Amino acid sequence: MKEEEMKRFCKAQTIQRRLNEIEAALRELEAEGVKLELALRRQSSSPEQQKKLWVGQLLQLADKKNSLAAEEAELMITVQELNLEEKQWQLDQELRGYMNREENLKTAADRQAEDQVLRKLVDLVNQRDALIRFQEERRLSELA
């Protein structure tokens, strides 16, 4: 590890880049759908074959939006996972600093601070667990 700190940062940058790509793609798909939805309403004169084409392209735009939106949703959870993992790593390192000092050198304030950091560290793990539970509740909901 310390390897893991770097790998966590790089993964977070990679996901942010993809999230930016998805945001751009979704707005372009939305504009394209609006344009084709307008063409279908305005151009009822037009042949059924051309309007069948527009209906088909609207259906495939809908499929791609759903796919992008599902990917976006999973990446947004991963972003927060990486943020929590980084926070836990920071608390872990801080607590190991307190722990590696001989007990004879600790003031009453040092011991109080060490206890507080341990409480914060456990709470970070509980926050990561709450994210796992969020995903399981969405899994159950998306299933029904």
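Numbering starts at 1 and follows the sequence shown.
Annotation for 33-41 versus 108-116: the higher mean temperature factor (C-alpha) is found in 33-41.
Looking at mean Cα B-factors across 19-27 and 124-132, the upper value is held by 19-27. Ranked within its chain, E86 lands in the lowest third, by CA B factor from the PDB record. Ranked by Cα temperature factor within the chain, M99 sits in the middle third according to the deposited record. Annotation for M76: C-alpha temperature factor in the lowest third relative to the rest of the modelled chain, per the entry. Looking at the C-alpha B-factors along this chain, the one for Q57 belongs to the middle third.
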